[PDB]
Structures are given as C-alpha cells and as structure tokens.
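Engineer: I would like the atomic coordinates for the input below:
(one chain, ligands or ions: 1)
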Amino acid sequence: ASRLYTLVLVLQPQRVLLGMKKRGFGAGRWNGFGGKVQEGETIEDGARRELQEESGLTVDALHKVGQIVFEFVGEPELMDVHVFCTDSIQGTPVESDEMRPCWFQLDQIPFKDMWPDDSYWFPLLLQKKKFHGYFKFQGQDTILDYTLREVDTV
Ligand SMILES: CCNC(=O)c1cc2c(-c3cccc(Cl)c3)ccnc2[nH]1
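Structural biologist: Residues are numbered from 1 along each chain as shown. Sure, structure below:
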C-alpha cells in the first residue's frame with residue numbers, strides 16, 4: 001500500500017535550486033519541489049503543479065531520474081517518490097507559503113540541513129545516474145535500513 005509523490009530538482013550546470021520547507025512534514029530542511037500526486041493528474045503533471053505552486057516556476061521538460069520508496073515506522077502508507085530533473089526553467093523562483101527558494105553551488109550543498117537519505121542518493125543525481133532507493137526511517141532523523149542501486153530504466 002503506497003502513496004504517489006513527486007520530487008523535482010532544478011539542476012543547472014553549476015548550481016541546484018532547493019527550497020527551505022516552511023511548514024508541514026520536514027519543515028526546517030532544504031528540499032526539492034514536490035508533494036502528493038492528486039486524483040486527475042499524471043505523475044508528471046503533479047510534478048509541474050508542485051513546482052509552480054511552490055516556486056512560481058514552469059519548465060519545458062522534466063526528466064525521470066529516480067524512484068525512492070520511504071517507510072516511516074508506525075505509518076501504514078509507504079511513500080513512492082518519483083524524482084525528476086530539469087534544466088529548462090521559465091521564470092524566476094519566488095517564495096511561497098510552503099517553500100523559500102535558494103540556489104546552491106554543487107560543492108556547497110547544505111547536507112547537514114537536509115534529509116539524511118540525501119547524502120546517499122543526491123550524489124547519483126549530480127553524477128547523472130538513474131537510481132532506485134529504499135529508506136526505512138524511525139522518525140525524521142534515523143535511517144534504520146536502506147537499499148540503493150543504479151538502474152537502466154527508472
Ligand atoms: C535533494 C533534496 N531531497 C529532498 O527533497 C527530500 C525529500 C524527502 C522526503 C519527503 C518527504 C515528504 C514529501 C516528499 Cl515528496 C519527500 C523524505 C525523505 N527524504 C527526502 N529528501
């Protein structure tokens with residue numbers, strides 16, 4: 001039993017756009033743009049919607065780069081996160097109710113203020129490798145189990 005989510009990373013040649021999450025789950029960490037896929041939209045549609053809702057930005061194209069499954073101990077629903085990349089943004093990022101956007105240099109990624117699983121998979125994305133990951137968390141700080149591999153098809 002799993003719930004569909006999207007995550008979009010805006011990755012340009014020498015920088016990445018992250019947003020400080022201002023409220024809800026994982027508030028106080030720098031995240032990519034995403035959320036729950038709704039009834040009546042495709043996964044990709046949901047990714048675009050979340051990006052626009054959270055940052056103002058629209059894009060030409062999204063590229064599938066990964067899938068991560070998250071289990072949180074004591075929560076019934078697994079999270080099935082479809083991860084996308086883009087380097088064809090249209091607009092300037094702006095702050096929303098949910099996210100405060102900021103550009104980071106690729107050697108200045110704020111890992112200490114990110115989800116701890118990010119240290120494992122985010123480098124694969126920077127290296128342009130497609131991946132499947134699974135992370136079992138106890139609360140929001142502790143990884144109990146994980147798997148991570150590269151794949152040919154996301
Ligand atoms: C490189 C930036 N990484 C992330 O943006 C990132 C997000 C998450 C989430 C998460 C929680 C709620 C909704 C969604 Cl879509 C994801 C859970 C664990 N690790 C994460 N990492």
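Engineer: does the residue of the chain most remote from its centre count as helix, strand or coil?
Structural biologist: In the chain, the residue that sits farthest from the middle, by C-alpha atoms, centre = their mean, is residue 74; the gap is 22.5 Å. With DSSP: H, G, I helix; E, B strand; the rest coil as the basis, residue 74 sits in coil.
Engineer: Could you measure from it over to the ligand?
Structural biologist: 15 Å (C-beta to the nearest ligand atom, to the nearest Å). To be clear about C-beta, it is placed using only N, CA and C from the backbone, and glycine gets the same treatment.
Engineer: Now do the contacts for residue 99.
Structural biologist: 19-22, 31, 33, 54-55 (C-beta atoms under 8 Å, 6 or more residues apart in numbering).
Engineer: Which of these fall in strands?
Structural biologist: Residues of the contacts of residue 99 located in strands (DSSP state E): 19-21, 31, 33.
Engineer: among those residues, which are in reach of the ligand?
Structural biologist: Contacts with the ligand within those, counted by C-beta under 6 Å from any ligand atom: residue 31.
Engineer: And the furthest pair within the ones in strands among the contacts of residue 99?
Structural biologist: Using C-beta to C-beta, the ones in strands among the contacts of residue 99 span at most 11.8 Å, a distance reached by 20 and 33.
Engineer: Looking at those two, which is more packed in?
Structural biologist: residue 33 (29 against 17; other C-beta atoms under 10 Å).
Engineer: close enough to count as contact, that one and residue 48?
Structural biologist: No. Contact status for residue 33 versus residue 48: not in contact, 9.8 Å apart, counting by C-beta atoms under 8 Å.
Engineer: The ligand contacts on this structure?
Structural biologist: So the chain meets the ligand at 5, 7, 25-26, 31-32, 34-35, 70, 81, 114-115, 117-118, 122 (C-beta under 6 Å from any ligand atom).
Engineer: Of those residues - the most surrounded one?
Structural biologist: residue 32 (28 neighbours).
Engineer: from memory that one sits against residue 6, does it?
Structural biologist: No. With contact defined as C-beta under 8 Å, residue 32 does not reach residue 6; the gap is 9.1 Å.
Engineer: list residues touching both of the two?
Structural biologist: Common contacts of residue 32 and residue 6, defined by C-beta under 8 Å, 6+ apart, comprise residue 83.
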